[PDB]
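Only one structure is covered here, and it is reproduced in the block below.
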Amino acid sequence: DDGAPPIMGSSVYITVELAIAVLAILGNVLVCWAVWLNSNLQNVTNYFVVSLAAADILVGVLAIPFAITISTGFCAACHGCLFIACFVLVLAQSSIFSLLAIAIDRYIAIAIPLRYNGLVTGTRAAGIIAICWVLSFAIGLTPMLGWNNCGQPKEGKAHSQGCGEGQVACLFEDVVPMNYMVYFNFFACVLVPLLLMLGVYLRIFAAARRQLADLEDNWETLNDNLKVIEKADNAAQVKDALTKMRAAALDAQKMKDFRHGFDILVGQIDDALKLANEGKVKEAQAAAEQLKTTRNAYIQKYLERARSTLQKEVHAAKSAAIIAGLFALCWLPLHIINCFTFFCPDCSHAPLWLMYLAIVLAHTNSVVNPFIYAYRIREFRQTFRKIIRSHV
Ligand SMILES: Nc1nc(NCCN2CCC(c3ccccc3)CC2)nc2nc(-c3ccco3)nn12
Ligand SMILES: CC(C)CCC[C@@H](C)[C@H]1CC[C@H]2[C@@H]3CC=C4C[C@@H](O)CC[C@]4(C)[C@H]3CC[C@]12C
Ligand SMILES: CC(C)CCC[C@@H](C)[C@H]1CC[C@H]2[C@@H]3CC=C4C[C@@H](O)CC[C@]4(C)[C@H]3CC[C@]12C
Ligand SMILES: CC(C)CCC[C@@H](C)[C@H]1CC[C@H]2[C@@H]3CC=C4C[C@@H](O)CC[C@]4(C)[C@H]3CC[C@]12C
Ligand SMILES: CC(C)CCC[C@@H](C)[C@H]1CC[C@H]2[C@@H]3CC=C4C[C@@H](O)CC[C@]4(C)[C@H]3CC[C@]12C
Ligand SMILES: CCCCCCCC/C=C/CCCCCCCC(=O)OC[C@@H](O)CO
Ligand SMILES: CCCCCCCC/C=C\CCCCCCCC(=O)O
Ligand SMILES: CCCCCCCC/C=C\CCCCCCCC(=O)O
Ligand code: NA
């Protein structure tokens with residue numbers, strides 16, 4: 001009619017989809033290759049990273065070819081059409097499970113580092129990954145379980161396209177119910193987990209900030225109470241300061257040169273405490289001055305290393321949170337459009353070109369994670385360089 005031949009816009013959409021598919025495959029194969037090759041990348045966190053890269057490889061290999069297919073409106077048995085339409089929901093759900101697992105993994109690592117290695121193992125991670133893939137199929141293919149529009153085929157459209165008996169024009173919104181897409185897929189299965197992830201990341205950053213402040217508080221307490229002892233004028237004041245220092249030292253103690261340093265510190269505090277209890281103020285103060293040598297030669301090195309470890313965990317959690325935020329940024333437009341279609345039947349449907357933009361944007365998310373790893377994680381970046389240099 002008055003509209004341009006459909007193959008022209010179709011050709012642009014399909015070409016862009018194929019470009020995205022190539023890049024999603026290439027980048028995420030590289031991710032999987034790096035983890036396979038580099039033992040420094042083989043940890044539980046990165047097993048979920050690989051599960052996420054696998055979902056993104058399958059966006060390129062399967063979901064994008066399926067999206068290209070369903071954009072034609074080809075004649076199909078309705079339940080086969082549903083599979084074509086819904087398989088991408090499986091991969092998105094799997095991604096959400098991987099993203100949530102990564103957040104939780106980093107929370108356990110910062111909140112209870114002493115039991116992380118005993119609690120979060122590779123064997124348990126592989127079990128969780130398998131369970132999450134099964135649940136992703138069940139959630140994303142729930143329309144194949146009967147929550148579909150196949151009982152109400154658009155017969156006039158099927159007839160105009162010459163479809164056979166029992167077939168429909170395979171179009172996403174004709175077969176997939178929008179109440180499923182909004183209430184079940186978006187609200188329950190996407191939005192709630194993303195808000196949960198946000199809460200987990202808030203807890204991670206709050207715990208890091210609290211632990212860093214506790215490190216500096218213990219350091220300040222050590223130096224303040226040293227001054228208190230130096231300008232004390234009786235044995236009772238030295239004793240009070242040393243008793244608070246001994247509790248802090250044990251509290252900071254909670255590796256061989258680390259343990260020797262705290263062993264020295266507590267012993268030296270005990271030395272001065274014994275002199276103080278005998279009422280020997282000058283001798284107690286001189287004994288407490290020895291603590292400065294231990295503080296410079298050991299304690300300050302522990303403080304710097306503890307701080308450095310925490311800042312690396314903050315940096316790693318920020319990298320993970322960026323990937324979760326980019327998943328939300330890339331998928332929200334499509335979900336929001338579905339909300340308008342569903343909740344505002346008096347509003348004109350979002351136009352075809354905008355839907356395809358939103359679909360392309362969702363698919364582009366399967367391209368971006370390898371770049372975040374390359375730019376933010378040195379161990380990935382260096383391994384990528386080795387693979388590319390040695391093999392391309
Ligand atoms: N909703 C939706 N559609 C499609 N494809 C059909 C596009 N067609 C939808 C109708 C539109 C139209 C415009 C003006 C007048 C009538 C009709 C044309 C354009 N694919 C999807 N994927 C996800 C999706 C996956 C995860 C969350 O949402 N929603 N969705
Ligand atoms: C392991 C991988 C590579 C295999 C991929 C198999 C895919 C391509 C197969 C599995 C099930 C198939 C669908 C099953 C039924 C129908 C209904 C029919 O009227 C049109 C084709 C259609 C829509 C098929 C398209 C192709 C399909 C999606
Ligand atoms: C054994 C594994 C590896 C195969 C992968 C399973 C998927 C891709 C295939 C296997 C069998 C397929 C189904 C076989 C037959 C039909 C009946 C038709 O009316 C609609 C499609 C539908 C419902 C297919 C949907 C997709 C399907 C579930
Ligand atoms: C997730 C972040 C980036 C926000 C994205 C907001 C996008 C998805 C929003 C902002 C403005 C919105 C549009 C505002 C008005 C209309 C006209 C109505 O007849 C159909 C929906 C439609 C076309 C909306 C679709 C969704 C929309 C494009
Ligand atoms: C934390 C944030 C990102 C959650 C996402 C917010 C979503 C659920 C919000 C943002 C804008 C909202 C839409 C804004 C306007 C309208 C038009 C109205 O006639 C029906 C509801 C509808 C369609 C809203 C539905 C819900 C909506 C899509
Ligand atoms: C149409 C059907 C298409 C096929 C869909 C199949 C989707 C299932 C894909 C699953 C990919 C999962 C890969 C994820 C692999 C993660 C690595 C791992 O778990 O190893 C850790 C342990 O070994 C350490 O002890
Ligand atoms: C690495 C393996 C990747 C798989 C390659 C497949 C790429 C082909 C892309 C899209 C499939 C085209 C489907 C055409 C729909 C039929 C149109 C119609 O019947 O009207
Ligand atoms: C569509 C919603 C899914 C419905 C709920 C399904 C219930 C599955 C829940 C948890 C799985 C727990 C893992 C148990 C592993 C058992 C392994 C074994 O028996 O050998
Ligand atoms: Na993904």
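By order in the structure tokens, chains are A, B, ...; within a chain, residues start at 1; ligands start at 1, following the order shown.
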Item to check | Test item: residues lying within 10 Å of ligand 2 with only C-alpha atoms and all ligand atoms, as a list in words | outcome: residues 58, 61, 62, 63, 65, 66, 69, 70, 74, 75, 76, 77, 78, 79, 80, 81, 82, 83, 84, 85, 87, 163, 164, 166, 167, 168, 169 and 170 of chain A
Write the residues you've just listed into a file as a short mmCIF file (atom, residue, chain, number, x, y, z; two decimals), in the first residue's frame, and include C-alpha atoms for each of them.
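Final file, out.cif:
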data_model
loop_
_atom_site.label_atom_id
_atom_site.label_comp_id
_atom_site.auth_asym_id
_atom_site.auth_seq_id
_atom_site.Cartn_x
_atom_site.Cartn_y
_atom_site.Cartn_z
CA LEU A 58 22.71 -18.98 22.67
CA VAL A 61 23.05 -19.02 17.84
CA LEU A 62 19.31 -19.50 18.52
CA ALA A 63 17.35 -16.54 19.89
CA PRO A 65 17.60 -16.62 14.31
CA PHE A 66 14.25 -17.25 16.08
CA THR A 69 11.95 -15.98 11.85
CA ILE A 70 9.04 -14.66 13.93
CA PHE A 74 5.25 -17.19 8.79
CA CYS A 75 2.47 -19.79 8.99
CA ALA A 76 3.07 -22.26 11.81
CA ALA A 77 1.42 -24.66 14.19
CA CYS A 78 0.73 -22.48 17.20
CA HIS A 79 2.73 -24.46 19.75
CA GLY A 80 5.85 -24.51 17.56
CA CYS A 81 5.38 -20.78 17.13
CA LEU A 82 5.29 -20.47 20.92
CA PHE A 83 8.65 -22.19 21.25
CA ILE A 84 10.21 -19.84 18.68
CA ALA A 85 8.65 -16.89 20.53
CA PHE A 87 12.99 -19.54 23.96
CA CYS A 163 -2.04 -20.63 6.31
CA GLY A 164 -3.12 -24.24 6.51
CA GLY A 166 -4.57 -25.58 12.40
CA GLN A 167 -1.89 -22.98 11.64
CA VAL A 168 -1.57 -19.32 12.60
CA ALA A 169 0.53 -16.42 11.46
CA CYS A 170 3.44 -16.74 13.89
#
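Excluding residue 367 (chain A) itself and same-chain residues fewer than 6 positions from it, the residues having an atom within 10 Å of it are residues 20, 21, 22, 23, 24, 25, 26, 27, 28, 53, 56, 57, 59 and 60 of chain A, counting only C-alpha atoms.
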Checklist entry - Closest to residue 302 (chain A) among A:181, A:316, A:321, A:252, using only C-alpha atoms? => result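 Looking at the shortest contact to residue 302 (chain A), the residue is A:252.
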Checklist entry - Could you list, as a ChimeraX atom specification, all the residues within 9 Å of ligand 4, counting only C-alpha atoms and all ligand atoms? => result /A:328-341,344-351,354-355,358
Hey, can you spit out that residue selection with N, CA and C atoms as a short mmCIF file (atom, residue, chain, number, x, y, z; two decimals), in the first residue's frame?
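Writing the result to selection_17.cif gives the following:
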data_model
loop_
_atom_site.label_atom_id
_atom_site.label_comp_id
_atom_site.auth_asym_id
_atom_site.auth_seq_id
_atom_site.Cartn_x
_atom_site.Cartn_y
_atom_site.Cartn_z
N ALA A 328 19.55 -4.65 33.01
CA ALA A 328 18.29 -3.93 33.25
C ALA A 328 18.07 -2.82 32.22
N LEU A 329 19.11 -2.05 31.92
CA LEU A 329 18.99 -0.96 30.94
C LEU A 329 18.59 -1.49 29.57
N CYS A 330 19.17 -2.62 29.15
CA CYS A 330 18.91 -3.15 27.81
C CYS A 330 17.53 -3.83 27.69
N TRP A 331 17.02 -4.42 28.77
CA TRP A 331 15.75 -5.15 28.71
C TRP A 331 14.54 -4.33 29.13
N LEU A 332 14.73 -3.30 29.96
CA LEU A 332 13.59 -2.55 30.46
C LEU A 332 12.75 -1.91 29.35
N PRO A 333 13.33 -1.32 28.29
CA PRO A 333 12.46 -0.68 27.28
C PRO A 333 11.43 -1.64 26.71
N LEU A 334 11.83 -2.85 26.36
CA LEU A 334 10.89 -3.82 25.82
C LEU A 334 9.79 -4.15 26.83
N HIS A 335 10.18 -4.39 28.09
CA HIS A 335 9.17 -4.68 29.12
C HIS A 335 8.24 -3.50 29.34
N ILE A 336 8.78 -2.29 29.32
CA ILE A 336 7.96 -1.11 29.53
C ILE A 336 6.96 -0.94 28.39
N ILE A 337 7.39 -1.21 27.16
CA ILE A 337 6.46 -1.14 26.04
C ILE A 337 5.32 -2.14 26.24
N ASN A 338 5.65 -3.37 26.66
CA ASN A 338 4.60 -4.34 26.94
C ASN A 338 3.64 -3.81 28.00
N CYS A 339 4.15 -3.10 29.02
CA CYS A 339 3.24 -2.54 30.02
C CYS A 339 2.27 -1.54 29.40
N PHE A 340 2.74 -0.68 28.48
CA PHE A 340 1.85 0.26 27.80
C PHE A 340 0.81 -0.48 26.96
N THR A 341 1.24 -1.46 26.18
CA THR A 341 0.30 -2.24 25.38
C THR A 341 -0.78 -2.84 26.26
N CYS A 344 -2.67 0.12 28.86
CA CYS A 344 -3.29 1.27 28.19
C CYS A 344 -3.83 0.86 26.83
N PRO A 345 -4.91 0.07 26.80
CA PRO A 345 -5.52 -0.29 25.52
C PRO A 345 -6.09 0.89 24.75
N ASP A 346 -6.28 2.05 25.40
CA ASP A 346 -6.67 3.27 24.70
C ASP A 346 -5.49 4.00 24.06
N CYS A 347 -4.25 3.65 24.41
CA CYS A 347 -3.07 4.23 23.78
C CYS A 347 -2.77 3.47 22.49
N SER A 348 -2.43 4.21 21.43
CA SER A 348 -1.99 3.54 20.21
C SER A 348 -0.80 2.64 20.51
N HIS A 349 -0.77 1.47 19.88
CA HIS A 349 0.33 0.54 20.10
C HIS A 349 1.65 1.20 19.72
N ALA A 350 2.68 0.99 20.54
CA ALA A 350 4.02 1.42 20.15
C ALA A 350 4.30 0.98 18.71
N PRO A 351 4.90 1.83 17.89
CA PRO A 351 5.02 1.51 16.47
C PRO A 351 6.04 0.41 16.21
N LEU A 354 9.80 1.11 16.64
CA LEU A 354 10.22 1.21 18.04
C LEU A 354 10.33 -0.16 18.69
N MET A 355 9.39 -1.06 18.40
CA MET A 355 9.50 -2.42 18.92
C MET A 355 10.79 -3.05 18.46
N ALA A 358 13.63 -1.74 20.34
CA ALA A 358 13.68 -2.31 21.69
C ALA A 358 14.17 -3.76 21.67
#
Item to check | Distance filter 6 Å around ligand 9, atoms: only C-alpha atoms and all ligand atoms, out as a PyMOL selection string | outcome: chain A and resi 55-56+92+95+366
Next on the checklist: Can you measure CA of residue 140 (chain A) to CA of residue 89 (chain A) for me? One decimal in Å is fine.
Outcome noted: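 That distance, rounded to one decimal, is 4.6 Å.
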Next on the checklist: What's around region 15-18 of chain A at 8 Å? Count only C-alpha atoms, leave out sequence neighbours fewer than 2 positions away in its own chain, and write the answer as an MDAnalysis selection string.
Outcome noted: chainID A and resid 11:13 20:22 64 68 360 363
Keeping only N, CA and C atoms, write those residues as a CSV table (one decimal), in the first residue's frame.
chain,number,residue,atom,x,y,z
A,11,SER,N,15.0,-6.0,5.8
A,11,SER,CA,16.4,-6.2,5.6
A,11,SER,C,17.3,-5.5,6.5
A,12,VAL,N,16.9,-4.3,6.9
A,12,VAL,CA,17.7,-3.5,7.9
A,12,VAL,C,17.7,-4.2,9.3
A,13,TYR,N,16.5,-4.5,9.7
A,13,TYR,CA,16.3,-5.2,11.0
A,13,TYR,C,17.1,-6.5,11.0
A,20,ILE,N,24.7,-8.3,15.4
A,20,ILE,CA,24.7,-8.5,16.9
A,20,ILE,C,25.0,-10.0,17.2
A,21,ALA,N,24.4,-10.9,16.5
A,21,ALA,CA,24.6,-12.3,16.7
A,21,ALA,C,26.1,-12.7,16.6
A,22,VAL,N,26.7,-12.2,15.6
A,22,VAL,CA,28.2,-12.5,15.4
A,22,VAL,C,29.0,-12.0,16.6
A,64,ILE,N,18.4,-15.1,18.2
A,64,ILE,CA,18.4,-14.1,17.1
A,64,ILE,C,17.8,-14.8,15.9
A,68,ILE,N,14.4,-13.4,14.0
A,68,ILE,CA,14.3,-13.1,12.6
A,68,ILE,C,13.2,-13.9,12.0
A,360,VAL,N,16.2,-5.1,19.4
A,360,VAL,CA,17.7,-5.1,19.0
A,360,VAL,C,18.4,-4.7,20.3
A,363,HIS,N,18.8,-7.5,22.6
A,363,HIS,CA,19.8,-8.5,22.1
A,363,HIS,C,21.2,-8.0,22.2
